[PDB]
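Novice: Input structure: target.tsv, which contains TSV, C-alpha atoms.
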chain	number	residue	atom	x	y	z
A	205	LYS	CA	-16.45	-41.13	-19.56
A	206	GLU	CA	-13.24	-41.50	-21.56
A	207	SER	CA	-15.29	-41.83	-24.75
A	208	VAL	CA	-17.14	-38.56	-24.16
A	209	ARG	CA	-13.88	-37.01	-22.96
A	210	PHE	CA	-12.31	-37.71	-26.36
A	211	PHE	CA	-15.52	-36.49	-28.02
A	212	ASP	CA	-15.17	-33.16	-26.21
A	213	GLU	CA	-11.56	-32.83	-27.37
A	214	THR	CA	-12.01	-33.86	-31.01
A	215	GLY	CA	-15.64	-34.84	-31.69
A	216	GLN	CA	-14.67	-38.37	-32.77
A	217	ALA	CA	-16.93	-41.12	-31.44
A	218	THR	CA	-14.53	-43.81	-30.20
A	219	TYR	CA	-14.94	-46.95	-28.13
A	220	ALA	CA	-12.93	-47.33	-24.93
A	221	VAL	CA	-11.39	-50.65	-23.86
A	222	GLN	CA	-9.51	-51.05	-20.58
A	223	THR	CA	-6.23	-52.87	-21.25
A	224	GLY	CA	-3.69	-51.60	-18.71
A	225	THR	CA	-3.04	-49.27	-15.81
A	226	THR	CA	-0.21	-47.38	-14.14
A	227	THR	CA	0.62	-45.86	-10.75
A	228	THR	CA	0.40	-42.10	-11.25
A	229	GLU	CA	1.09	-39.26	-8.80
A	230	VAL	CA	-1.90	-37.03	-8.01
A	231	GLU	CA	-2.73	-34.41	-5.38
A	232	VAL	CA	-6.12	-34.97	-3.75
A	233	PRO	CA	-7.69	-31.65	-2.68
A	234	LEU	CA	-8.44	-31.23	1.01
A	235	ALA	CA	-9.69	-28.34	3.18
A	236	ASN	CA	-9.98	-25.94	0.22
A	237	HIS	CA	-12.29	-23.33	1.74
A	238	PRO	CA	-12.11	-19.70	2.89
A	239	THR	CA	-11.70	-18.69	6.52
A	240	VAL	CA	-12.83	-15.64	8.50
A	241	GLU	CA	-11.53	-14.66	11.93
A	242	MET	CA	-12.01	-11.83	14.40
A	243	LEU	CA	-8.72	-10.22	15.43
A	244	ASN	CA	-8.05	-8.80	18.87
A	245	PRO	CA	-7.45	-5.05	18.37
A	246	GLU	CA	-4.29	-5.26	20.48
A	247	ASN	CA	-2.77	-7.84	18.09
A	248	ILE	CA	-3.18	-5.72	14.93
A	249	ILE	CA	-1.59	-2.38	14.02
A	250	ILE	CA	-2.82	-0.06	11.26
A	251	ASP	CA	-1.08	2.87	9.59
A	252	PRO	CA	-1.91	6.10	11.48
A	253	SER	CA	-1.42	8.19	8.31
A	254	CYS	CA	-4.40	6.51	6.61
A	255	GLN	CA	-6.50	9.66	7.20
B	256	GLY	CA	-21.72	34.37	0.68
B	257	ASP	CA	-21.53	32.29	-2.50
B	258	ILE	CA	-18.97	29.63	-3.41
B	259	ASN	CA	-19.66	30.22	-7.11
B	260	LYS	CA	-18.46	33.83	-6.94
B	261	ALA	CA	-15.29	32.96	-5.01
B	262	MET	CA	-12.13	33.73	-6.98
B	263	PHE	CA	-9.65	31.47	-5.16
B	264	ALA	CA	-9.45	28.59	-2.70
B	265	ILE	CA	-6.48	26.95	-0.96
B	266	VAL	CA	-6.58	23.42	0.48
B	267	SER	CA	-3.78	21.70	2.40
B	268	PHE	CA	-3.51	17.91	2.22
B	269	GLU	CA	-0.98	15.16	2.85
B	270	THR	CA	0.66	13.07	0.14
B	271	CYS	CA	3.63	10.84	-0.62
B	272	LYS	CA	6.26	10.72	-3.35
B	273	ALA	CA	4.79	7.46	-4.66
B	274	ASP	CA	1.37	9.13	-4.74
B	275	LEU	CA	2.80	11.96	-6.85
B	276	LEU	CA	4.52	9.42	-9.12
B	277	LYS	CA	1.10	8.07	-10.14
B	278	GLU	CA	1.04	10.91	-12.69
B	279	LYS	CA	4.12	10.74	-14.91
B	280	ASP	CA	3.86	14.29	-16.31
B	281	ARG	CA	1.53	16.35	-14.08
B	282	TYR	CA	4.38	17.48	-11.79
B	283	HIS	CA	7.76	19.02	-12.55
B	284	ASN	CA	10.95	19.78	-10.60
B	285	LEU	CA	10.04	17.07	-8.08
B	286	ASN	CA	13.71	16.26	-7.43
B	287	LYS	CA	14.54	19.72	-6.05
B	288	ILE	CA	12.46	19.32	-2.88
B	289	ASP	CA	13.70	17.65	0.29
B	290	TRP	CA	11.70	15.03	2.18
B	291	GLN	CA	12.83	16.10	5.67
B	292	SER	CA	11.38	19.62	5.61
B	293	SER	CA	7.71	20.47	5.00
B	294	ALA	CA	6.78	17.46	7.14
B	295	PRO	CA	3.54	17.48	9.17
B	296	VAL	CA	5.77	17.93	12.22
B	297	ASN	CA	7.04	21.20	10.71
B	298	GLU	CA	3.61	22.45	9.52
B	299	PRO	CA	1.57	23.52	12.57
B	300	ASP	CA	-0.95	25.27	10.29
B	301	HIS	CA	-2.20	21.91	8.96
B	302	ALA	CA	-4.51	19.99	11.29
B	303	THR	CA	-4.27	16.20	11.11
B	304	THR	CA	-4.75	13.04	13.15
B	305	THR	CA	-1.27	11.75	12.31
B	306	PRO	CA	0.89	11.57	15.47
B	307	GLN	CA	3.58	14.24	15.68
B	308	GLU	CA	6.24	11.62	16.45
B	309	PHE	CA	5.23	9.29	13.59
B	310	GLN	CA	7.45	8.99	10.52
B	311	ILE	CA	8.34	6.47	7.81
B	312	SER	CA	11.93	5.54	7.00
B	313	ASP	CA	11.19	4.85	3.33
B	314	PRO	CA	11.62	8.06	1.27
B	315	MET	CA	9.05	6.80	-1.25
B	316	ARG	CA	6.34	6.54	1.43
B	317	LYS	CA	7.37	9.74	3.22
B	318	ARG	CA	4.48	11.92	4.39
B	319	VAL	CA	4.58	15.54	3.22
B	320	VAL	CA	2.11	18.44	3.27
B	321	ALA	CA	1.02	19.94	-0.05
B	322	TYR	CA	-0.98	23.04	-0.97
B	323	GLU	CA	-3.34	23.40	-3.93
B	324	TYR	CA	-4.53	26.72	-5.36
B	325	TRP	CA	-7.86	26.55	-7.20
B	326	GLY	CA	-9.35	29.69	-8.69
B	327	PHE	CA	-9.55	32.07	-11.62
B	328	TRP	CA	-6.53	34.01	-12.87
B	329	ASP	CA	-5.92	36.42	-15.75
B	330	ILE	CA	-3.36	34.19	-17.44
B	331	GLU	CA	-3.29	36.44	-20.53
B	332	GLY	CA	-2.80	40.18	-20.91
B	333	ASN	CA	-6.13	40.51	-22.73
B	334	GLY	CA	-8.00	40.80	-19.43
B	335	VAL	CA	-10.04	37.60	-19.09
B	336	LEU	CA	-9.93	35.32	-16.06
B	337	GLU	CA	-9.27	31.61	-16.54
B	338	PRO	CA	-9.60	28.70	-14.10
B	339	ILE	CA	-6.21	27.30	-13.10
B	340	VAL	CA	-4.81	24.85	-10.56
B	341	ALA	CA	-1.42	25.30	-8.88
B	342	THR	CA	0.45	23.11	-6.40
B	343	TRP	CA	3.58	23.92	-4.39
B	344	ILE	CA	5.48	21.97	-1.73
B	345	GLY	CA	8.13	23.52	0.51
B	346	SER	CA	8.05	26.93	-1.19
B	347	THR	CA	8.71	25.29	-4.57
B	348	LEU	CA	6.20	25.42	-7.42
B	349	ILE	CA	5.73	21.98	-9.00
B	350	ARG	CA	2.40	22.20	-10.87
B	351	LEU	CA	0.72	24.98	-12.84
B	352	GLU	CA	-2.03	24.28	-15.38
B	353	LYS	CA	-5.60	25.18	-16.26
B	354	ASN	CA	-8.59	23.41	-14.74
B	355	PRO	CA	-8.83	19.94	-16.36
B	356	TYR	CA	-12.39	19.25	-15.21
B	357	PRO	CA	-15.13	20.10	-17.76
C	307	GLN	CA	1.16	-18.62	30.37
C	308	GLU	CA	2.16	-21.97	31.91
C	309	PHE	CA	0.67	-24.07	29.09
C	310	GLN	CA	2.96	-25.83	26.62
C	311	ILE	CA	3.03	-28.90	24.38
C	312	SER	CA	5.87	-31.43	24.46
C	313	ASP	CA	5.49	-32.33	20.78
C	314	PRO	CA	7.66	-30.03	18.62
C	315	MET	CA	5.24	-30.47	15.70
C	316	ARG	CA	2.33	-29.07	17.73
C	317	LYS	CA	4.41	-26.37	19.44
C	318	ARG	CA	2.69	-23.00	19.77
C	319	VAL	CA	4.62	-20.03	18.36
C	320	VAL	CA	3.79	-16.39	17.64
C	321	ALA	CA	4.05	-15.16	14.05
C	322	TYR	CA	3.87	-11.70	12.47
C	323	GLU	CA	2.44	-10.87	9.04
C	324	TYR	CA	3.15	-7.66	7.13
C	325	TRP	CA	0.46	-6.68	4.62
C	326	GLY	CA	0.82	-3.51	2.59
C	327	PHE	CA	2.21	-1.81	-0.49
C	328	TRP	CA	5.94	-1.62	-1.20
C	329	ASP	CA	8.03	-0.24	-4.06
C	330	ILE	CA	9.52	-3.61	-4.96
C	331	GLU	CA	11.11	-2.18	-8.13
C	332	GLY	CA	13.31	0.85	-8.69
C	333	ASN	CA	10.84	2.28	-11.22
C	334	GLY	CA	8.81	3.90	-8.44
C	335	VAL	CA	5.50	2.02	-8.31
C	336	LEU	CA	4.07	0.46	-5.15
C	337	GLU	CA	3.03	-3.19	-5.18
C	338	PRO	CA	1.01	-5.21	-2.64
C	339	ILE	CA	3.18	-7.74	-0.81
C	340	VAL	CA	2.87	-10.08	2.16
C	341	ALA	CA	5.78	-10.86	4.50
C	342	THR	CA	6.02	-13.19	7.50
C	343	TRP	CA	8.80	-13.48	10.08
C	344	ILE	CA	9.15	-15.57	13.23
C	345	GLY	CA	11.81	-14.97	15.87
C	346	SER	CA	13.58	-12.20	13.93
C	347	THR	CA	13.95	-14.52	10.92
C	348	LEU	CA	12.27	-13.80	7.58
C	349	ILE	CA	10.53	-16.91	6.22
C	350	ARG	CA	8.02	-15.60	3.66
C	351	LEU	CA	8.13	-12.75	1.14
C	352	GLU	CA	5.82	-12.61	-1.87
C	353	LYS	CA	3.24	-10.42	-3.58
C	354	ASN	CA	-0.42	-10.43	-2.62
C	355	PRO	CA	-1.96	-13.67	-3.97
C	356	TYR	CA	-5.58	-12.55	-3.58
C	357	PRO	CA	-7.17	-11.05	-6.73
D	19	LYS	CA	17.83	-13.75	-1.61
D	20	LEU	CA	14.30	-14.93	-0.86
D	21	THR	CA	12.92	-13.21	-3.98
D	22	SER	CA	14.21	-11.98	-7.33
D	23	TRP	CA	13.11	-8.37	-6.76
D	24	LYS	CA	15.85	-5.75	-7.09
D	25	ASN	CA	14.39	-3.91	-4.06
D	26	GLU	CA	13.99	-6.89	-1.75
D	27	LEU	CA	12.80	-6.06	1.76
D	28	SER	CA	14.93	-6.26	4.89
D	29	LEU	CA	13.77	-7.40	8.32
D	30	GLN	CA	14.90	-4.21	10.06
D	31	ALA	CA	13.04	-2.05	7.53
D	32	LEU	CA	9.83	-4.00	8.14
D	33	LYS	CA	10.30	-3.72	11.90
D	34	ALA	CA	11.12	-0.02	11.49
D	35	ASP	CA	7.56	0.60	10.32
D	36	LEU	CA	6.27	-1.55	13.20
D	37	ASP	CA	7.57	0.42	16.18
D	38	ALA	CA	6.98	3.66	14.26
D	39	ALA	CA	3.21	3.13	14.52
D	40	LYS	CA	3.46	1.45	17.93
D	41	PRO	CA	2.93	4.62	20.04
D	42	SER	CA	-0.23	5.44	18.09
D	43	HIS	CA	-1.56	1.90	18.50
D	44	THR	CA	-0.57	1.80	22.18
D	45	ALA	CA	-2.44	5.03	22.92
D	46	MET	CA	-5.57	3.74	21.19
D	47	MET	CA	-5.56	0.54	23.26
D	48	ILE	CA	-5.55	2.62	26.46
D	49	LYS	CA	-9.05	3.92	25.72
D	50	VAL	CA	-10.05	0.41	24.65
D	51	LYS	CA	-8.79	-0.91	27.98
Can I see the file as structure tokens?
Specialist:
Amino acid sequence: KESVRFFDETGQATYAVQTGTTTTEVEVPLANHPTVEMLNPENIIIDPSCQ
Amino acid sequence: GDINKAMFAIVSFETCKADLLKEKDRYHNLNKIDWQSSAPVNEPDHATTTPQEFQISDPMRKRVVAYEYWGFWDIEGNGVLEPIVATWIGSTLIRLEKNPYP
Amino acid sequence: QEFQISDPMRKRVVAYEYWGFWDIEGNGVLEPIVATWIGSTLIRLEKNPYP
Amino acid sequence: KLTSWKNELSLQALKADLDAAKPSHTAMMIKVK
């Protein structure tokens, strides 16, 4: 995957050898979805001058 | 009994200062008018669903009543009628130009 | 009306959202903004994030 | 304060538009009730 990743960036066919690792800081996605709700008409106010 | 042969038509509608500011040159002398008078409260001739007690504190979003005059006028002394559009608010003329529509 | 939760984290509170157009700049153009306040304290004020 | 806008909103101004439309909303809910 790293080899094709570098191929996408530059087009150079390169071998990949695992030699080390590090503790990075990432942000795992979670609950990334839209929501729809029905509002009680008493809890919402609209502009009367909307014609 | 024909709209095509009508020579003039007047329509009253509501608007706001921000709505008028959408066109940067269509209107002139906009600063001379006051935003307290010509309100829907003070215009019984205009029917609307807006409550009589309703108002907005922001001058930009203030609700005012505007009149448009659409029709044909003899704008030149030659004697030929031309289609024009005129708009006045609070007995102050702010727009006067020919019909822009083709 | 009598229901409540002892945990402050899961406490139930009522919040208000203001959605509309405001002239955020002195130029004279309205912009869509969203504002949220709880208990007469403003906590959120930003433009509309939705495209 | 909360934003860099030169026309930043105020809480009273936002609430001013709230109770302004309240009588219209209250009357509508009567028929809904």
Novice: Counting all atoms listed in the file, which residues of chain D sit at most 9 Å from some atom of chain B, and what is each one's closest atom pair with its distance in Å to one decimal, listed by chain and rising residue number, as CSV?
Specialist:
residue,atom,partner,partner_atom,distance
D:31,CA,B:312,CA,7.7
D:34,CA,B:312,CA,7.2
D:35,CA,B:311,CA,6.4
D:38,CA,B:309,CA,5.9
D:39,CA,B:309,CA,6.5
D:41,CA,B:309,CA,8.3
D:42,CA,B:306,CA,6.8
Novice: Taking only C-alpha atoms into account, find every residue of chain A that has an atom no more than 10 Å from chain C, and write it out as a list in words.
Specialist: residues 247, 248, 249, 250 and 251 of chain A
Novice: As a PyMOL selection string, please: the residues near range 23-30 of chain D (cut-off 7 Å, only C-alpha atoms, same-chain neighbours under 2 positions excluded).
Specialist: (chain C and resi 330-332+348) or (chain D and resi 21+32-34)
Novice: At most 9 Å is the cut-off: for each residue in chain A with any atom that close to an atom of chain B, write down the nearest atom pair and the distance in Å rounded to one decimal, counting only C-alpha atoms, chain first then increasing number, as a Markdown table.
Specialist:
| residue | atom | partner | partner_atom | distance |
| --- | --- | --- | --- | --- |
| A:252 | CA | B:305 | CA | 5.7 |
| A:253 | CA | B:305 | CA | 5.4 |
| A:254 | CA | B:305 | CA | 8.4 |
| A:255 | CA | B:304 | CA | 7.1 |
Novice: Can you spit out the residues from that selection as an mmCIF file, keeping the file's coordinate frame, using C-alpha atoms?
Specialist:
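Ended up saving to part_14.cif:
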data_model
loop_
_atom_site.group_PDB
_atom_site.id
_atom_site.type_symbol
_atom_site.label_atom_id
_atom_site.label_comp_id
_atom_site.auth_asym_id
_atom_site.auth_seq_id
_atom_site.Cartn_x
_atom_site.Cartn_y
_atom_site.Cartn_z
ATOM 1 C CA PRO A 252 -1.910 6.100 11.480
ATOM 2 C CA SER A 253 -1.420 8.190 8.310
ATOM 3 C CA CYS A 254 -4.400 6.510 6.610
ATOM 4 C CA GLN A 255 -6.500 9.660 7.200
#
Novice: Give me, as a Markdown table, the closest atom pair and its distance (Å, one decimal) for every residue of chain D within a cut-off of 12 Å of chain A, counting only C-alpha atoms, rows sorted by chain and rising number.
Specialist:
| residue | atom | partner | partner_atom | distance |
| --- | --- | --- | --- | --- |
| D:35 | CA | A:251 | CA | 9.0 |
| D:36 | CA | A:249 | CA | 7.9 |
| D:37 | CA | A:249 | CA | 9.8 |
| D:38 | CA | A:251 | CA | 9.3 |
| D:39 | CA | A:251 | CA | 6.5 |
| D:40 | CA | A:249 | CA | 7.4 |
| D:41 | CA | A:252 | CA | 9.9 |
| D:42 | CA | A:252 | CA | 6.9 |
| D:43 | CA | A:249 | CA | 6.2 |
| D:44 | CA | A:246 | CA | 8.2 |
| D:45 | CA | A:246 | CA | 10.7 |
| D:46 | CA | A:246 | CA | 9.1 |
| D:47 | CA | A:246 | CA | 6.6 |
| D:48 | CA | A:246 | CA | 10.0 |
| D:49 | CA | A:246 | CA | 11.6 |
| D:50 | CA | A:245 | CA | 8.7 |
| D:51 | CA | A:246 | CA | 9.8 |
Novice: Would you compute the distance between CA of residue 205 in chain A and CA of residue 221 in chain A? Give it in Å to one decimal.
Specialist: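 That distance, rounded to one decimal, is 11.6 Å.
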Novice: Could you write out as a ChimeraX atom specification the residues of chain C within 12 Å of chain D, counting all atoms listed in the file?
Specialist: /C:322-337,339-353
Novice: Quote the spacing between CA of residue 296 in chain B and CA of residue 340 in chain B in Å to one decimal place.
Specialist: 26.1 Å
Novice: Could you please determine the separation between CA of residue 346 in chain B and CA of residue 299 in chain B in Å, to one decimal place?
Specialist: 15.6 Å
Novice: Kindly provide the residues of chain B that approach chain C to within 10 Å, each paired with its closest atom pair and their distance in Å to one decimal, based on all atoms listed in the file, listed by chain and increasing number, as a Markdown table.
Specialist:
| residue | atom | partner | partner_atom | distance |
| --- | --- | --- | --- | --- |
| B:272 | CA | C:334 | CA | 8.9 |
| B:273 | CA | C:334 | CA | 6.6 |
| B:274 | CA | C:335 | CA | 9.0 |
| B:276 | CA | C:334 | CA | 7.0 |
| B:277 | CA | C:335 | CA | 7.7 |
| B:313 | CA | C:328 | CA | 9.5 |
| B:315 | CA | C:329 | CA | 7.6 |
| B:316 | CA | C:328 | CA | 8.6 |
Novice: Missing atoms in range 325-344 of chain C: fill them in up to N, CA, C and O atoms and send the result as a short mmCIF file (atom, residue, chain, number, x, y, z; two decimals), in the frame of the given file.
Specialist:
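Okay, part.cif is ready:
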data_model
loop_
_atom_site.label_atom_id
_atom_site.label_comp_id
_atom_site.auth_asym_id
_atom_site.auth_seq_id
_atom_site.Cartn_x
_atom_site.Cartn_y
_atom_site.Cartn_z
N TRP C 325 1.26 -6.90 5.81
CA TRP C 325 0.46 -6.68 4.62
C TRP C 325 0.47 -5.20 4.27
O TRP C 325 0.21 -4.36 5.13
N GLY C 326 0.78 -4.89 3.02
CA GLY C 326 0.82 -3.51 2.59
C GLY C 326 1.40 -3.39 1.20
O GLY C 326 1.59 -4.38 0.49
N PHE C 327 1.68 -2.15 0.82
CA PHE C 327 2.21 -1.81 -0.49
C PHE C 327 3.67 -1.40 -0.36
O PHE C 327 4.00 -0.59 0.52
N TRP C 328 4.52 -1.95 -1.21
CA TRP C 328 5.94 -1.62 -1.20
C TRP C 328 6.42 -1.40 -2.63
O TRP C 328 5.92 -2.01 -3.57
N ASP C 329 7.41 -0.52 -2.77
CA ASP C 329 8.03 -0.24 -4.06
C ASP C 329 9.10 -1.30 -4.32
O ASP C 329 10.30 -1.09 -4.14
N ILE C 330 8.63 -2.47 -4.76
CA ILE C 330 9.52 -3.61 -4.96
C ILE C 330 10.47 -3.44 -6.13
O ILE C 330 11.41 -4.22 -6.28
N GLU C 331 10.25 -2.43 -6.98
CA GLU C 331 11.11 -2.18 -8.13
C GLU C 331 11.57 -0.73 -8.10
O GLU C 331 10.87 0.15 -7.59
N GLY C 332 12.74 -0.48 -8.68
CA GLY C 332 13.31 0.85 -8.69
C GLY C 332 12.58 1.84 -9.58
O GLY C 332 12.92 3.03 -9.56
N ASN C 333 11.59 1.38 -10.35
CA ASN C 333 10.84 2.28 -11.22
C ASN C 333 10.08 3.33 -10.42
O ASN C 333 9.99 4.49 -10.84
N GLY C 334 9.52 2.95 -9.27
CA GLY C 334 8.81 3.90 -8.44
C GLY C 334 7.32 3.66 -8.35
O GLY C 334 6.54 4.60 -8.23
N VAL C 335 6.91 2.39 -8.42
CA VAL C 335 5.50 2.02 -8.31
C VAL C 335 5.35 1.06 -7.13
O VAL C 335 6.13 0.12 -6.98
N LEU C 336 4.34 1.31 -6.30
CA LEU C 336 4.07 0.46 -5.15
C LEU C 336 3.35 -0.81 -5.58
O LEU C 336 2.52 -0.79 -6.49
N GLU C 337 3.67 -1.91 -4.91
CA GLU C 337 3.03 -3.19 -5.18
C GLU C 337 2.60 -3.85 -3.88
O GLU C 337 3.31 -3.76 -2.87
N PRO C 338 1.45 -4.52 -3.87
CA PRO C 338 1.01 -5.21 -2.64
C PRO C 338 1.82 -6.47 -2.40
O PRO C 338 1.95 -7.32 -3.29
N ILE C 339 2.36 -6.59 -1.19
CA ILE C 339 3.18 -7.74 -0.81
C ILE C 339 2.72 -8.24 0.55
O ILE C 339 2.05 -7.54 1.31
N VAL C 340 3.12 -9.47 0.86
CA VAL C 340 2.87 -10.08 2.16
C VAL C 340 4.18 -10.68 2.66
O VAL C 340 4.86 -11.40 1.92
N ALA C 341 4.55 -10.37 3.90
CA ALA C 341 5.78 -10.86 4.50
C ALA C 341 5.48 -11.45 5.87
O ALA C 341 4.62 -10.95 6.60
N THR C 342 6.20 -12.51 6.22
CA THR C 342 6.02 -13.19 7.50
C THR C 342 7.38 -13.51 8.09
O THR C 342 8.25 -14.04 7.40
N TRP C 343 7.56 -13.19 9.37
CA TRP C 343 8.80 -13.48 10.08
C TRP C 343 8.48 -14.02 11.46
O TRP C 343 7.52 -13.58 12.10
N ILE C 344 9.29 -14.98 11.91
CA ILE C 344 9.15 -15.57 13.23
C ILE C 344 10.52 -15.56 13.90
O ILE C 344 11.50 -16.05 13.34
#
